[PDB]
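Engineer: Handing you this structure, nothing more for now.
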Amino acid sequence: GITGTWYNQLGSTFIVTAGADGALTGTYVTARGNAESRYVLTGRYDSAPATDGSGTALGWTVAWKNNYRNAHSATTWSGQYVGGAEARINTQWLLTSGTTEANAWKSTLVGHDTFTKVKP
Amino acid sequence: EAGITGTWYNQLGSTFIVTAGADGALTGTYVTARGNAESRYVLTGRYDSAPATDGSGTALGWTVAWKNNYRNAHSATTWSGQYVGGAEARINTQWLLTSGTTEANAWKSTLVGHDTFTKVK
Amino acid sequence: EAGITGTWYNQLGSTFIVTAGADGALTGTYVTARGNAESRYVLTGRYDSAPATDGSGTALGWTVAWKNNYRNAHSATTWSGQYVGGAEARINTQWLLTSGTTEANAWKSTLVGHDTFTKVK
Amino acid sequence: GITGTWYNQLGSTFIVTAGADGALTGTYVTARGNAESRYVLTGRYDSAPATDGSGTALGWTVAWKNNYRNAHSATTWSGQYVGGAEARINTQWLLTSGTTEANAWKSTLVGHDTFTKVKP
Ligand SMILES: C[C@@H]1NC(=O)N[C@@H]1CCCCCC(=O)O
Ligand SMILES: C[C@@H]1NC(=O)N[C@@H]1CCCCCC(=O)O
Ligand SMILES: C[C@@H]1NC(=O)N[C@@H]1CCCCCC(=O)O
Ligand SMILES: C[C@@H]1NC(=O)N[C@@H]1CCCCCC(=O)O
């Protein structure tokens with residue numbers, strides 16, 4: 001299922017536990033950006049997905065502050081888990097940096113990350 | 001913290017009750033005015049618990065999976081934004097709403113938008 | 001058409017002069033108030049030239065590459081939105097700004113935002 | 001270069017001409033959605049990209065109306081062209097449908113398309 005260790009196309013590591021009632025909890029390590037070591041993540045997922053072959057909707061957040069660095073930014077990933085032989089989490093994400101009100105127009109990056117359980 | 005903690009409404013008439021923990025945790029409950037949903041949903045998120053003191057906003061994000069004891073939309077929204085404090089406190093966000101889809105329909109699985117939250121006294 | 005055609009400003013103070021052609025073409029010129037840019041830039045786009053008469057907006061989009069005779073930011077913005085006609089005409093958009101990057105930096109190549117355009121008499 | 005026939009991961013066909021001064025002009029055929037046959041596209045690209053190995057920024061629009069169908073919607077793709085042995089156009093896109101003002105909150109889909117010159 002969702003619980004396990006995942007890796008995206010950047011080489012980032014996503015270690016997540018899926019709770020019975022819809023909680024996502026875990027640890028993120030990014031291969032890129034103003035960051036080092038582990039960061040706390042929390043999110044939610046659909047704990048009773050539809051039985052028609054549809055993916056499982058989910059989302060999580062990392063605020064990019066830990067004991068080593070603070071980038072003054074946070075990323076949310078929104079996506080779906082697709083099970084089967086080669087499980088995937090396909091996401092699109094938003095990274096917002098803290099900015100002045102005048103710089104808010106350029107505060108948010110958008111991207112997409114695909115996660116698999118295969119180590120780089 | 002006490003700044004983020006409280007009751008917020010957005011331009012749709014949705015309501016967001018949140019507690020900002022000392023460790024960077026956001027926890028609480030969301031009621032949407034719109035969509036395939038009713039009653040309260042669990043929210044969880046993170047925020048920068050040591051922001052820049054330079055008049056920059058405080059980065060944060062949270063997610064809601066649209067399943068509670070009453071309804072399941074098979075979808076989830078993440079909001080990514082910043083808290084701007086002061087007398088007229090705001091949380092300015094962009095969001096992604098992803099629905100569970102079949103592989104054939106995954107290309108149209110995700111909506112994008114923007115919500116502005118005003119804190120309620 | 002004559003509805004879309006004209007001069008528009010957004011909440012940044014940017015200006016958008018456009019002509020909507022009978023064939024669905026949008027053509028004109030954009031001045032941004034912000035970013036790595038100055039003077040006028042070429043815009044080109046498309047719009048639904050036979051929209052629903054049901055009080056739905058008119059879907060459209062346009063792009064600007066931020067290169068003119070004066071400056072090159074090595075970037076381009078696309079706006080995707082709808083025109084809402086009437087006495088207080090608006091074009092409501094979401095946009096993506098992509099900068100040319102090296103492969104190592106492609107993950108942070110794209111900004112997202114939202115602009116509201118008001119038509120000027 | 002950019003001029004040529006491209007295909008994305010959905011099987012859509014993108015036939016584009018890149019003009020000397022930054023114009024993109026061409027024809028789009030989609031493998032998915034409320035659409036059939038060719039649609040007109042126009043866009044722009046950076047006609048003097050940086051000489052440091054960076055991709056070429058670009059964007060284009062299709063309004064999903066032709067002689068066969070009208071979906072009352074338009075898509076913009078924003079991205080960069082990456083040249084070399086296996087050229088790519090990597091994009092993220094926004095699809096806005098015409099809606100009432102009250103339904104505007106759910107009017108815009110976001111996604112990502114990767115284009116190559118390889119026929120399906
Ligand atoms: C979202 C992207 N995917 C990923 O695995 N890491 C990127 C995010 C890194 C951000 C680091 C904090 C910063 O530079 O602001
Ligand atoms: C993100 C939008 N802002 C908001 O307050 N609610 C909208 C989301 C509602 C979605 C309800 C479940 C569904 O329809 O999929
Ligand atoms: C899309 C935003 N809205 C707007 O009027 N201009 C902004 C874009 C300006 C970008 C200028 C070139 C650059 O900085 O890359
Ligand atoms: C952007 C997606 N990529 C693609 O090649 N086609 C999709 C768009 C199809 C939209 C068809 C019109 C509609 O259904 O509204």
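Easy rule for this one: first residue shown is 1, then count along the chain.
Method on record in the header is X-ray crystallography, 1.9 Å.
Each Cβ is built from the backbone N, Cα and C atoms, and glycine gets one as well.
Relevant sequence annotations retrieved from Swiss-Prot are reproduced here:
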BINDING   B:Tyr30, B:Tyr41, B:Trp79, B:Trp95, B:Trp107  biotin binding site
Engineer: Comparing the binding-site residues B:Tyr30, B:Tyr41, B:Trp79, B:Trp95, which residue's C-beta has the most other C-beta atoms within 10 angstroms in this structure?
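Structural biologist: Per the Cβ count within 10 Å, the most buried is B:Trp79.
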Engineer: Indicate whether B:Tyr41 (biotin binding site) is helix, strand or coil by DSSP.
Structural biologist: strand
Engineer: Checking proximity to ligand 2 here: which binding-site residues out of B:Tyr30, B:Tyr41, B:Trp79, B:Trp95, B:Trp107 have their Cβ closer than 6 Å to it?
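Structural biologist: Correct list: B:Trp95.
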Engineer: Check each of the binding-site residues B:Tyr30, B:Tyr41, B:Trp79, B:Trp95, B:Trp107 and report back the ones whose Cβ is under 8 Å from some Cβ of chain D.
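Structural biologist: Going by the Cβ criterion (under 8 Å to chain D), the qualifying binding-site residues are B:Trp107.
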